[PDB]
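Written below as structure tokens is the structure these notes are about.
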Amino acid sequence: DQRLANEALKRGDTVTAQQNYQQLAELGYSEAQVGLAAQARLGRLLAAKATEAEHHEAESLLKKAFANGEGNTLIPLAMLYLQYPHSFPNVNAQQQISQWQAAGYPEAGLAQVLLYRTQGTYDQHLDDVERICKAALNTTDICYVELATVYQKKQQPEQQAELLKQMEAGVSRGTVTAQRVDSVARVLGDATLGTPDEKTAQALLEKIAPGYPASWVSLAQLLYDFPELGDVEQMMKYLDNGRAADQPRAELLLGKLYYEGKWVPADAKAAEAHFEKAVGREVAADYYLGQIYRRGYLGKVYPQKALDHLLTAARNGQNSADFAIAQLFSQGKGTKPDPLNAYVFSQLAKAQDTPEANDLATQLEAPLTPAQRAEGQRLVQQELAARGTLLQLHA
Ligand SMILES: [Cl-]
């Protein structure tokens, strides 16, 4: 039935677009850089708002303002196509972006880079990235992050030192902010990108933390990932600096420490205490509080709390909560099993697109009859709809 399958696809663009935003933000991209900043204002508001009517109203509103020399319309349009392709059968984003590059539009290369990042082909075009970004570097500060990424994957130490000096030189001249430097540093401290320059990442971070406090968290997180160049003494210092600056993520990582007890003696109620303070400021809090209640870590197991907090996180964009809610309903260990919910949530976790999620979704659909599967699939979409359709503060 290509009727619903083509409905499930449009709702899959929706969860995938949210994840792409979160990953671009984590990486350092500003809202301007990801296309979130008359027909111009409107067509842009709509594209990043939405129903398939708004996606199409957005396209046209943008496509027009474009022809009429309205800057800040190309990135917004490219994101629309890249984030909801199943809403645009008429378009082939890559060709569209290839046209704009040929035309000479300044923001084309950036659009082209957002392309490799959204579709997942980055590693195949490190050369094209390098080229696009060397040319836009003095006009698009996010390119410092992309070149540092390239020089990390291409394992090119020399080019990185030149880049870093260009970046420092720009700090001196006032053309580079502390957030860029922080982002570049986190690139240098990414064991995933190849051969990390952790110490350089540290030198960079320490200079900027006093005035860009999110760096205390980056520093703490940098020790966690390279445990061998700082003591619990430091860790706890960077974290204190973080707590003092009012950085909710400081509470988050601190509670994670007492949760895995690999840096300090595993302590159950302390972590809950710490994660609790990030609740409402960091979606992961709800997720880490959900695990504790699922694994019964506080000596005992609390089913309804675990679901409650795990669902909240899943409904707020947490890419791992649905997977967990699946495990909660299947592994027993305190929680009575429920095959249907297990399925529905392992299917929702599939949308996050991970082998782990695939591997779990096939095991949990195995127990269902063809009717239950169609029922559960009915629930999957009902639930995705609700998320799309969607506060209170303490003190
Ligand atoms: Cl990457």
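Naming scheme: A, B, ... for chains in displayed order of the structure tokens; residues 1 onward per chain; ligands 1 onward as shown.
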
Selection near segment 326-330 of chain A, 12 Å with only C-alpha atoms, sequence-local residues under 2 positions removed, as an MDAnalysis selection string: chainID A and resid 290:296 301:308 310:311 314 320:324 332:350 356:357 360:365 367

Which residues are near ligand 1 - at most 10 Å, using only C-alpha atoms and all ligand atoms? Format: as a PDB file with N, CA and C atoms, in the first residue's frame.
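Everything below was put into selection-v3.pdb:
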ATOM      1  N   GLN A  23      21.987  18.151  15.571  1.00  0.00           N
ATOM      2  CA  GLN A  23      23.367  17.800  15.277  1.00  0.00           C
ATOM      3  C   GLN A  23      24.180  18.948  14.672  1.00  0.00           C
ATOM      4  N   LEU A  24      23.511  19.864  13.975  1.00  0.00           N
ATOM      5  CA  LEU A  24      24.204  20.993  13.361  1.00  0.00           C
ATOM      6  C   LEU A  24      24.478  22.003  14.476  1.00  0.00           C
ATOM      7  N   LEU A  27      27.300  20.816  16.594  1.00  0.00           N
ATOM      8  CA  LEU A  27      28.514  21.042  15.832  1.00  0.00           C
ATOM      9  C   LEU A  27      29.018  22.499  15.795  1.00  0.00           C
ATOM     10  N   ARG A 117      26.053  16.872   4.664  1.00  0.00           N
ATOM     11  CA  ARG A 117      25.805  16.571   6.059  1.00  0.00           C
ATOM     12  C   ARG A 117      24.428  15.974   6.328  1.00  0.00           C
ATOM     13  N   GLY A 120      24.358  12.443   4.400  1.00  0.00           N
ATOM     14  CA  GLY A 120      25.337  11.506   4.926  1.00  0.00           C
ATOM     15  C   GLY A 120      26.515  11.139   4.048  1.00  0.00           C
ATOM     16  N   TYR A 122      29.235  13.125   3.513  1.00  0.00           N
ATOM     17  CA  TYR A 122      30.389  13.949   3.862  1.00  0.00           C
ATOM     18  C   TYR A 122      31.734  13.278   3.616  1.00  0.00           C
ATOM     19  N   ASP A 123      31.910  12.086   4.168  1.00  0.00           N
ATOM     20  CA  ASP A 123      33.180  11.395   4.013  1.00  0.00           C
ATOM     21  C   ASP A 123      33.594  11.168   2.558  1.00  0.00           C
ATOM     22  N   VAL A 145      35.227  25.276  11.325  1.00  0.00           N
ATOM     23  CA  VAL A 145      34.845  23.985  11.882  1.00  0.00           C
ATOM     24  C   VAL A 145      34.920  22.894  10.830  1.00  0.00           C
ATOM     25  N   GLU A 146      34.518  23.223   9.610  1.00  0.00           N
ATOM     26  CA  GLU A 146      34.534  22.239   8.534  1.00  0.00           C
ATOM     27  C   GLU A 146      35.958  21.915   8.078  1.00  0.00           C
ATOM     28  N   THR A 149      37.568  19.807  10.487  1.00  0.00           N
ATOM     29  CA  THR A 149      37.014  18.476  10.393  1.00  0.00           C
ATOM     30  C   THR A 149      37.761  17.766   9.281  1.00  0.00           C
ATOM     31  N   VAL A 150      37.906  18.450   8.155  1.00  0.00           N
ATOM     32  CA  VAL A 150      38.610  17.851   7.031  1.00  0.00           C
ATOM     33  C   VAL A 150      40.057  17.541   7.380  1.00  0.00           C
ATOM     34  N   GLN A 152      41.210  16.829  10.025  1.00  0.00           N
ATOM     35  CA  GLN A 152      41.298  15.796  11.047  1.00  0.00           C
ATOM     36  C   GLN A 152      41.097  14.451  10.339  1.00  0.00           C
ATOM     37  N   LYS A 153      40.124  14.381   9.436  1.00  0.00           N
ATOM     38  CA  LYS A 153      39.876  13.135   8.738  1.00  0.00           C
ATOM     39  C   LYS A 153      41.003  12.797   7.775  1.00  0.00           C
ATOM     40  N   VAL A 187      36.229  19.814  17.875  1.00  0.00           N
ATOM     41  CA  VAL A 187      36.510  19.019  16.687  1.00  0.00           C
ATOM     42  C   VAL A 187      37.861  18.328  16.880  1.00  0.00           C
ATOM     43  N   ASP A 190      37.669  15.146  19.141  1.00  0.00           N
ATOM     44  CA  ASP A 190      36.720  14.129  18.696  1.00  0.00           C
ATOM     45  C   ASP A 190      37.450  12.869  18.242  1.00  0.00           C
ATOM     46  N   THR A 192      36.517  10.330  17.189  1.00  0.00           N
ATOM     47  CA  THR A 192      35.863   9.809  15.997  1.00  0.00           C
ATOM     48  C   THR A 192      36.444  10.318  14.680  1.00  0.00           C
ATOM     49  N   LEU A 193      36.888  11.568  14.664  1.00  0.00           N
ATOM     50  CA  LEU A 193      37.412  12.160  13.437  1.00  0.00           C
ATOM     51  C   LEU A 193      38.776  11.628  12.965  1.00  0.00           C
TER      52      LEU A 193
END

With only C-alpha atoms as the basis for distance, which of A:38, A:188, A:85, A:58 is at the shortest distance from residue 6 of chain A?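 Smallest separation from residue 6 of chain A among the options: A:85.
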
DSSP on the backbone: which residues in segment 140-270 of chain A end up as helix (DSSP H, G or I)? Give the answer as a ChimeraX atom specification. /A:143-153,157-172,178-188,191-193,198-211,214-225,227-229,232-244,248-260,268-270

Can you tell me, as number ranges by chain, what residues are no more than 12 Å from residue 61 of chain A when counting only C-alpha atoms, ignoring any on the same chain fewer than 3 positions away? A: 38-47, 54-58, 64-68, 70, 73-74, 76-77, 80

Compile the contact shell of residue 166 of chain A as a list in words: residues with an atom at most 12 Å away, counting only C-alpha atoms, same-chain residues fewer than 2 positions apart removed.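 The neighbour list is residues 134, 137, 138, 141, 143, 144, 147, 148, 159, 160, 161, 162, 163, 164, 168, 169, 170, 171, 172, 173, 174, 175, 176 and 181 of chain A.
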
Hey, what's within 12 Å of residue 247 of chain A if we count only C-alpha atoms and toss same-chain stuff fewer than 2 positions away? As a ChimeraX atom specification, please? /A:209,212-218,238-245,249-254,277-278,281-282

Selection above as a file: C-alpha atoms, as a PDB file, in the first residue's frame:
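So again32.pdb came out as:
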ATOM      1  CA  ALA A 209      36.219  29.345  29.374  1.00  0.00           C
ATOM      2  CA  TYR A 212      32.480  31.536  27.347  1.00  0.00           C
ATOM      3  CA  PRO A 213      31.484  29.309  30.308  1.00  0.00           C
ATOM      4  CA  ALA A 214      29.975  26.595  28.185  1.00  0.00           C
ATOM      5  CA  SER A 215      33.684  25.752  27.679  1.00  0.00           C
ATOM      6  CA  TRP A 216      33.951  24.469  31.285  1.00  0.00           C
ATOM      7  CA  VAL A 217      31.535  21.741  30.218  1.00  0.00           C
ATOM      8  CA  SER A 218      33.543  21.153  27.046  1.00  0.00           C
ATOM      9  CA  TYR A 238      35.780  22.347  35.407  1.00  0.00           C
ATOM     10  CA  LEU A 239      32.334  21.118  36.575  1.00  0.00           C
ATOM     11  CA  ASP A 240      32.249  23.483  39.547  1.00  0.00           C
ATOM     12  CA  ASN A 241      33.107  26.307  37.153  1.00  0.00           C
ATOM     13  CA  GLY A 242      30.268  25.005  35.058  1.00  0.00           C
ATOM     14  CA  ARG A 243      27.766  24.840  37.917  1.00  0.00           C
ATOM     15  CA  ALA A 244      28.765  28.366  38.967  1.00  0.00           C
ATOM     16  CA  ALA A 245      28.150  29.697  35.467  1.00  0.00           C
ATOM     17  CA  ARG A 249      24.936  20.619  31.121  1.00  0.00           C
ATOM     18  CA  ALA A 250      27.371  20.741  34.031  1.00  0.00           C
ATOM     19  CA  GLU A 251      24.731  19.158  36.266  1.00  0.00           C
ATOM     20  CA  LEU A 252      24.051  16.714  33.444  1.00  0.00           C
ATOM     21  CA  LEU A 253      27.616  15.424  33.113  1.00  0.00           C
ATOM     22  CA  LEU A 254      28.157  15.460  36.860  1.00  0.00           C
ATOM     23  CA  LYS A 277      18.477  20.050  38.458  1.00  0.00           C
ATOM     24  CA  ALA A 278      18.829  19.971  34.670  1.00  0.00           C
ATOM     25  CA  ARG A 281      16.710  22.812  30.691  1.00  0.00           C
ATOM     26  CA  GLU A 282      18.262  19.756  29.032  1.00  0.00           C
TER      27      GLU A 282
END
